[PDB]
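Next comes final18.txt, a file with compact mmCIF, C-alpha atoms.
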```txt
# COMPACT_ATOMS: atom_id res chain seq x y z
CA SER A 1 14.66 25.38 20.74
CA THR A 2 11.31 23.66 20.44
CA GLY A 3 7.63 24.55 20.15
CA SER A 4 4.39 22.70 20.84
CA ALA A 5 0.88 23.86 19.98
CA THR A 6 -2.53 22.24 20.12
CA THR A 7 -4.50 22.00 16.88
CA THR A 8 -8.30 21.88 17.02
CA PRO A 9 -10.90 20.76 14.46
CA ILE A 10 -12.97 23.67 13.12
CA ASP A 11 -16.18 21.66 13.12
CA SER A 12 -17.73 18.29 13.94
CA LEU A 13 -16.46 16.72 10.69
CA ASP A 14 -12.77 17.62 11.07
CA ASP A 15 -13.03 19.69 7.86
CA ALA A 16 -9.80 21.42 8.88
CA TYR A 17 -7.73 22.16 11.97
CA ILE A 18 -6.74 25.51 13.48
CA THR A 19 -3.68 26.27 15.59
CA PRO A 20 -3.16 29.53 17.52
CA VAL A 21 -0.24 31.64 16.26
CA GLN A 22 1.17 34.79 17.87
CA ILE A 23 2.04 37.59 15.43
CA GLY A 24 3.64 40.94 16.25
CA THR A 25 4.35 42.96 19.39
CA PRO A 26 2.24 42.97 21.49
CA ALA A 27 1.10 39.55 20.32
CA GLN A 28 -1.91 39.31 18.04
CA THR A 29 -3.20 35.74 18.19
CA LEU A 30 -4.72 34.36 15.01
CA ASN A 31 -5.99 30.83 14.40
CA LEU A 32 -4.22 29.49 11.33
CA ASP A 33 -4.65 26.41 9.18
CA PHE A 34 -1.25 24.64 9.19
CA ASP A 35 -0.85 23.39 5.66
CA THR A 36 1.94 20.96 4.68
CA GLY A 37 0.73 21.34 1.06
CA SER A 38 1.61 25.03 0.65
CA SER A 39 4.32 27.47 1.63
CA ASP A 40 2.75 30.87 2.33
CA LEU A 41 1.93 32.23 5.77
CA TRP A 42 -0.97 34.56 5.01
CA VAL A 43 -3.55 36.24 7.23
CA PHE A 44 -6.78 38.17 7.22
CA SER A 45 -5.74 41.72 8.04
CA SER A 46 -6.66 45.37 8.43
CA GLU A 47 -5.93 45.58 4.69
CA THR A 48 -8.44 42.91 3.66
CA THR A 49 -11.37 44.22 1.58
CA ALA A 50 -14.06 44.86 4.20
CA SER A 51 -16.80 43.04 2.28
CA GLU A 52 -14.62 39.91 2.31
CA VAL A 53 -14.17 39.77 6.10
CA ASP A 54 -16.91 37.92 8.08
CA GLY A 55 -16.01 37.06 11.66
CA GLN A 56 -12.30 36.32 11.26
CA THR A 57 -9.69 37.80 13.57
CA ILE A 58 -7.43 40.17 11.66
CA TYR A 59 -3.75 41.07 11.89
CA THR A 60 -3.21 44.83 12.11
CA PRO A 61 0.43 45.56 11.31
CA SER A 62 0.15 49.23 12.33
CA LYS A 63 -0.45 48.05 15.91
CA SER A 64 2.73 45.95 15.96
CA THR A 65 5.98 47.66 16.96
CA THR A 66 7.98 44.93 15.20
CA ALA A 67 6.09 44.94 11.87
CA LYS A 68 7.96 46.25 8.83
CA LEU A 69 6.58 46.53 5.30
CA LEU A 70 8.52 44.28 2.94
CA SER A 71 8.65 47.00 0.34
CA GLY A 72 7.48 46.04 -3.13
CA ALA A 73 6.60 42.46 -2.26
CA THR A 74 3.27 40.94 -3.29
CA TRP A 75 1.76 37.48 -3.20
CA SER A 76 -1.06 35.59 -4.87
CA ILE A 77 -2.07 31.98 -4.39
CA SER A 78 -4.66 29.51 -5.67
CA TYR A 79 -5.39 26.23 -3.91
CA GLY A 80 -6.51 22.85 -5.19
CA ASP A 81 -10.08 23.50 -4.11
CA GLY A 82 -10.23 26.59 -6.32
CA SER A 83 -9.96 29.09 -3.47
CA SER A 84 -7.45 31.96 -3.61
CA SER A 85 -6.04 35.01 -1.87
CA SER A 86 -3.54 37.82 -2.53
CA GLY A 87 -1.97 40.91 -1.02
CA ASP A 88 1.24 42.51 0.24
CA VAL A 89 3.85 41.47 2.81
CA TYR A 90 5.19 42.49 6.20
CA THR A 91 7.94 40.95 8.25
CA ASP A 92 7.19 40.47 11.92
CA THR A 93 7.79 38.24 14.94
CA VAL A 94 5.82 34.98 14.80
CA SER A 95 5.58 32.42 17.59
CA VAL A 96 4.01 28.96 17.59
CA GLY A 97 3.67 27.13 20.86
CA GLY A 98 6.64 28.93 22.43
CA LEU A 99 8.91 28.81 19.35
CA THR A 100 9.72 32.28 18.01
CA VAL A 101 10.91 33.38 14.58
CA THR A 102 11.91 37.00 14.06
CA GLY A 103 11.67 38.50 10.56
CA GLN A 104 9.04 36.03 9.36
CA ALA A 105 7.21 37.00 6.17
CA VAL A 106 3.57 37.58 7.10
CA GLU A 107 1.51 37.88 3.94
CA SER A 108 -1.34 40.32 4.48
CA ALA A 109 -4.47 39.60 2.45
CA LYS A 110 -6.00 42.41 0.45
CA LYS A 111 -8.38 39.97 -1.27
CA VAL A 112 -9.71 36.53 -0.35
CA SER A 113 -12.11 34.27 -2.26
CA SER A 114 -15.58 33.48 -0.97
CA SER A 115 -14.63 30.13 0.58
CA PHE A 116 -12.31 31.93 2.99
CA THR A 117 -14.79 34.70 3.79
CA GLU A 118 -17.47 32.10 4.53
CA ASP A 119 -15.28 30.21 6.98
CA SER A 120 -15.30 32.33 10.13
CA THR A 121 -12.99 29.96 12.03
CA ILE A 122 -9.87 30.23 9.83
CA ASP A 123 -7.88 33.46 10.13
CA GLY A 124 -5.27 32.43 7.56
CA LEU A 125 -2.83 29.70 6.56
CA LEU A 126 0.63 28.73 7.75
CA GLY A 127 2.43 26.84 5.00
CA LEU A 128 4.75 23.96 5.87
CA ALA A 129 5.67 22.62 2.42
CA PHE A 130 9.05 23.55 0.92
CA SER A 131 9.92 27.22 0.51
CA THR A 132 10.34 26.76 -3.26
CA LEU A 133 6.50 26.93 -3.48
CA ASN A 134 6.29 30.29 -1.71
CA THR A 135 4.48 32.80 -3.93
CA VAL A 136 6.04 36.09 -2.76
CA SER A 137 7.39 38.18 -5.64
CA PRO A 138 9.93 39.46 -6.53
CA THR A 139 11.79 37.93 -3.58
CA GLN A 140 10.55 34.48 -2.56
CA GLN A 141 10.20 34.06 1.20
CA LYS A 142 10.90 31.19 3.61
CA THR A 143 8.33 29.24 5.60
CA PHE A 144 8.10 29.45 9.37
CA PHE A 145 9.70 25.98 9.60
CA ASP A 146 12.52 26.91 7.20
CA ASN A 147 13.31 30.04 9.25
CA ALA A 148 13.16 28.12 12.56
CA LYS A 149 15.07 25.06 11.40
CA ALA A 150 18.66 25.89 12.31
CA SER A 151 17.59 26.90 15.84
CA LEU A 152 15.55 23.77 16.48
CA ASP A 153 16.94 20.96 18.63
CA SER A 154 16.28 18.66 15.64
CA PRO A 155 15.20 19.87 12.18
CA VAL A 156 11.75 18.29 12.32
CA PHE A 157 8.11 18.96 12.99
CA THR A 158 5.38 16.44 13.77
CA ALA A 159 1.66 16.33 13.06
CA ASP A 160 -0.58 14.42 15.46
CA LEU A 161 -4.11 15.20 14.30
CA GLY A 162 -7.10 14.01 16.28
CA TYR A 163 -10.26 12.29 15.14
CA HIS A 164 -13.12 14.49 16.31
CA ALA A 165 -10.66 15.81 18.93
CA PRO A 166 -7.71 18.17 19.35
CA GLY A 167 -4.17 17.14 18.52
CA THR A 168 -0.68 18.56 18.43
CA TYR A 169 1.96 20.14 16.19
CA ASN A 170 5.46 19.88 17.65
CA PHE A 171 8.56 21.62 16.33
CA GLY A 172 12.09 20.47 16.98
CA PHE A 173 11.49 17.19 18.80
CA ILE A 174 9.77 13.83 18.54
CA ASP A 175 7.43 13.04 21.46
CA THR A 176 8.07 9.35 21.99
CA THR A 177 4.99 9.10 24.26
CA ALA A 178 2.65 10.14 21.44
CA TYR A 179 2.69 6.95 19.35
CA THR A 180 2.75 3.17 19.67
CA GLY A 181 5.36 0.85 18.19
CA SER A 182 8.07 2.33 16.01
CA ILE A 183 8.19 5.12 13.42
CA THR A 184 8.74 3.92 9.86
CA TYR A 185 10.59 6.44 7.72
CA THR A 186 10.20 6.69 3.97
CA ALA A 187 11.91 8.70 1.21
CA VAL A 188 10.69 12.12 0.07
CA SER A 189 10.95 13.84 -3.28
CA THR A 190 11.02 17.62 -3.02
CA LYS A 191 11.04 18.17 -6.81
CA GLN A 192 7.47 19.53 -6.84
CA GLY A 193 7.87 21.39 -3.52
CA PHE A 194 5.71 18.96 -1.55
CA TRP A 195 6.26 16.25 1.06
CA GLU A 196 5.93 13.69 -1.73
CA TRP A 197 6.40 10.01 -0.95
CA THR A 198 5.41 6.54 -2.18
CA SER A 199 3.03 4.29 -0.26
CA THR A 200 3.69 0.57 -0.69
CA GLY A 201 0.05 -0.46 -1.06
CA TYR A 202 -3.36 -0.80 0.54
CA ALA A 203 -6.01 -3.04 2.01
CA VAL A 204 -9.78 -2.64 2.36
CA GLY A 205 -11.21 -3.78 5.69
CA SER A 206 -9.99 -7.25 6.60
CA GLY A 207 -8.98 -7.92 2.99
CA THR A 208 -5.58 -8.94 1.73
CA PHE A 209 -2.94 -6.30 1.25
CA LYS A 210 -2.27 -5.22 -2.34
CA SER A 211 1.39 -4.36 -2.93
CA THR A 212 1.46 -1.44 -5.33
CA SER A 213 3.35 1.87 -5.43
CA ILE A 214 1.18 4.93 -4.81
CA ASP A 215 2.98 8.28 -5.12
CA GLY A 216 1.34 11.09 -3.19
CA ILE A 217 1.73 14.05 -0.87
CA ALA A 218 1.30 14.33 2.88
CA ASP A 219 -1.03 17.32 3.09
CA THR A 220 -2.46 18.53 6.39
CA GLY A 221 -4.33 21.25 4.52
CA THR A 222 -6.49 18.81 2.56
CA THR A 223 -9.47 17.24 4.36
CA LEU A 224 -9.87 13.95 2.51
CA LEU A 225 -7.81 11.05 1.14
CA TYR A 226 -7.50 11.23 -2.66
CA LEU A 227 -6.21 8.08 -4.36
CA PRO A 228 -6.26 6.47 -7.82
CA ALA A 229 -9.72 5.58 -9.14
CA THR A 230 -8.88 1.85 -9.08
CA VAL A 231 -8.11 1.94 -5.34
CA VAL A 232 -11.12 4.11 -4.53
CA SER A 233 -13.48 1.85 -6.50
CA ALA A 234 -12.13 -1.21 -4.66
CA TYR A 235 -12.90 0.48 -1.33
CA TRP A 236 -16.44 1.66 -2.10
CA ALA A 237 -17.38 -1.67 -3.71
CA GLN A 238 -17.34 -3.03 -0.14
CA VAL A 239 -20.08 -0.60 0.99
CA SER A 240 -23.62 -1.59 0.02
CA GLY A 241 -25.29 1.17 -1.97
CA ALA A 242 -22.18 3.33 -2.41
CA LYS A 243 -21.77 5.08 -5.75
CA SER A 244 -19.93 7.89 -7.46
CA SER A 245 -22.29 10.80 -7.93
CA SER A 246 -21.42 13.31 -10.64
CA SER A 247 -24.02 15.70 -9.20
CA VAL A 248 -22.57 15.61 -5.69
CA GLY A 249 -18.95 15.47 -6.88
CA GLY A 250 -17.71 12.15 -5.55
CA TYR A 251 -18.54 8.93 -3.79
CA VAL A 252 -21.57 8.91 -1.53
CA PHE A 253 -22.94 6.08 0.57
CA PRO A 254 -26.07 5.31 2.56
CA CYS A 255 -25.84 6.93 5.97
CA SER A 256 -27.10 3.60 7.36
CA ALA A 257 -23.84 1.87 6.32
CA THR A 258 -21.00 0.65 8.47
CA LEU A 259 -17.77 1.60 6.73
CA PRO A 260 -14.78 -0.75 6.50
CA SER A 261 -11.32 0.40 7.49
CA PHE A 262 -8.65 1.32 4.95
CA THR A 263 -5.01 0.39 5.39
CA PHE A 264 -2.09 2.06 3.60
CA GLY A 265 1.52 0.87 3.49
CA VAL A 266 4.58 2.77 4.66
CA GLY A 267 7.50 0.57 3.74
CA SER A 268 6.78 -2.78 5.41
CA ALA A 269 4.57 -1.06 8.01
CA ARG A 270 0.83 -0.45 7.88
CA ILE A 271 -1.39 2.45 8.97
CA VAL A 272 -5.05 1.58 9.57
CA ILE A 273 -7.71 4.24 9.02
CA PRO A 274 -10.83 3.19 10.95
CA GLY A 275 -14.09 3.19 9.00
CA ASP A 276 -15.54 5.98 11.15
CA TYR A 277 -12.78 8.34 9.91
CA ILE A 278 -14.11 7.93 6.36
CA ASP A 279 -17.63 9.23 7.21
CA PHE A 280 -18.17 12.93 6.32
CA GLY A 281 -21.85 12.91 7.08
CA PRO A 282 -24.95 13.93 5.17
CA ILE A 283 -24.38 15.62 1.81
CA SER A 284 -26.90 18.24 2.92
CA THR A 285 -28.65 18.68 6.26
CA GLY A 286 -31.09 15.84 6.88
CA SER A 287 -30.04 13.76 3.88
CA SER A 288 -29.65 10.01 4.15
CA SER A 289 -26.83 10.16 1.59
CA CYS A 290 -23.43 10.59 3.25
CA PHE A 291 -20.21 11.87 1.72
CA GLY A 292 -17.19 9.59 1.59
CA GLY A 293 -13.78 10.43 3.00
CA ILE A 294 -11.86 8.53 0.33
CA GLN A 295 -12.26 10.02 -3.13
CA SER A 296 -10.64 9.70 -6.54
CA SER A 297 -7.58 11.81 -7.36
CA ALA A 298 -8.31 11.50 -11.10
CA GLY A 299 -8.12 15.00 -12.54
CA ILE A 300 -6.14 16.43 -9.60
CA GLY A 301 -2.90 15.20 -11.09
CA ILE A 302 -1.54 13.98 -7.76
CA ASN A 303 -2.61 11.64 -4.97
CA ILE A 304 -3.18 13.38 -1.63
CA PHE A 305 -2.79 11.84 1.81
CA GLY A 306 -4.92 14.45 3.53
CA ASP A 307 -6.29 14.60 7.06
CA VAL A 308 -8.36 11.40 6.77
CA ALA A 309 -5.11 9.47 6.37
CA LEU A 310 -2.78 11.61 8.48
CA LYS A 311 -5.02 11.68 11.56
CA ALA A 312 -4.70 7.88 11.80
CA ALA A 313 -0.94 8.31 12.39
CA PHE A 314 1.76 10.20 14.22
CA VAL A 315 3.59 11.85 11.30
CA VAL A 316 7.19 13.12 11.31
CA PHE A 317 8.15 15.75 8.76
CA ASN A 318 11.94 15.44 8.78
CA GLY A 319 13.59 18.51 7.28
CA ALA A 320 17.15 17.24 7.50
CA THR A 321 19.45 17.85 4.51
CA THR A 322 17.79 14.85 2.87
CA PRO A 323 14.18 15.14 3.97
CA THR A 324 12.11 12.09 4.87
CA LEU A 325 8.65 11.30 6.28
CA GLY A 326 7.91 9.07 9.26
CA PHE A 327 4.67 7.35 10.17
CA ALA A 328 3.71 5.56 13.37
CA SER A 329 0.46 4.11 14.62
CA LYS A 330 -1.01 5.71 17.75
```
Would you mind writing the structure in this file as structure tokens?
Amino acid sequence: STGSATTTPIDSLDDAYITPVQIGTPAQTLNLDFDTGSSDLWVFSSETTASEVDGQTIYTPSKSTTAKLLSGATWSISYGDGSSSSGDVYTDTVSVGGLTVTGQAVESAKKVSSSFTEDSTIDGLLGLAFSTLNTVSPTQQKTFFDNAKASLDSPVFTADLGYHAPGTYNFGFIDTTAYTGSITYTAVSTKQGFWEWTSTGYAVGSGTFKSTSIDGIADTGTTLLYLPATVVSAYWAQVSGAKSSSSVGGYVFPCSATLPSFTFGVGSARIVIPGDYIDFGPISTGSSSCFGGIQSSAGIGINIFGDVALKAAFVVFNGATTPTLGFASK
């Protein structure tokens, strides 16, 4: 089997992407944030504290003939941005772009933190990291991809995120029309539950490539590119007036600037992030200070190849017995 779904930016900055997901019978369609940095499929629901729901579409298990309470199971998660959610668990039928999993754990939120409430466009998350990170207790549950894997034509999914435009998540096949050149594959460590890999280096604009190992995670659920402070400083030093602002919480730059590109290495190959992808616009409405799309990972504890990086590539998440990651230009 295969599936293919379009993923759409939630706003004009590409702060996140939402993908329609069918849950239950008859289908209830919710727009979920596909997150290769976590492993819980959780949704706003009829059980969510009413004061914490503000415009989201909810899953109502009592209206699904295929929903079954997973008795005794609870979940609770905290994300790297400090947001969190928790609740209980149902199993139900879940379909993405024509690909159907029966008995999928659908984690129903009883509580969500303010960041989720305030974002009307995201109805929940669909985790695509390794199932070892799943938070369901006392019986850990499998991700949608893990459940689908054995049925898929090939045990893979691909992320093809757009810049200021829709893109595509495919399951079970590699669309050879979706990228240019060849796909370069690179080794993955699953020890921390993430799609963790090692970039071979970087360049800033038309500058020379610096060969240096940068361990990090491929994370569709993180907006920006978080790299070591040395790398980030080298980038922003090429932008007149750019500085790290403690008050704002990262690098800012004059909105009048033209940003250089940023290249990262995948083996002997190179992915180029155009300068425009690194612009996240005014820090507040009407400001002439703009927020940068490359920020320091210092204090996160891990480097994160988030959407800024991933949207410059066609990315293969290969869930074969020995997982790997593939990157192509597009």
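Among the candidate residues A:245, A:199, A:297, A:87, the one lying nearest to residue 232 in chain A is A:297, with distances computed using only C-alpha atoms.
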Point (-0.5, 2.8, -5.2) neighbourhood (10 Å, all atoms listed in the file) written as a PyMOL selection string
chain A and resi 198-202+210-216+227-228+230-231+264-265+303
Using all atoms listed in the file, find each residue of range 302-322 of chain A with at least one atom at most 12 Å away from an atom of range 16-31 of chain A; report its shortest atom-to-atom pair and that distance in Å (one decimal), sort the rows by chain and rising residue number, and return the result as a tab-separated table.
```
residue	atom	partner	partner_atom	distance
A:306	CA	A:16	CA	10.1
A:307	CA	A:16	CA	7.9
A:308	CA	A:16	CA	10.3
A:311	CA	A:17	CA	10.8
```
Write out as a list in words which residues come within 8 Å of residue 113 in chain A when counting all atoms listed in the file, dropping same-chain ones fewer than 5 positions away.
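Near neighbours after the sequence-gap exclusion: residues 52, 83, 84 and 85 of chain A.
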Using all atoms listed in the file: which of A:320, A:313, A:304, A:50 has the shortest distance to residue 270 in chain A
A:313
List every protein, DNA or RNA residue that has an atom no more than 6 Å from (-5.0, 32.5, 4.8) in the file's coordinate frame, counting all atoms listed in the file, and report them as a PyMOL selection string.
chain A and resi 42-43+124-125
Quick one: pull the distance between CA of residue 299 in chain A and CA of residue 133 in chain A, Å, one decimal.
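Going from CA of residue 299 in chain A over to CA of residue 133 in chain A, I get 20.9 Å.
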Smallest atom-to-atom distance to residue 38 in chain A: which of A:176, A:95, A:78, A:289, using all atoms listed in the file?
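Looking at the shortest contact to residue 38 in chain A, the residue is A:78.
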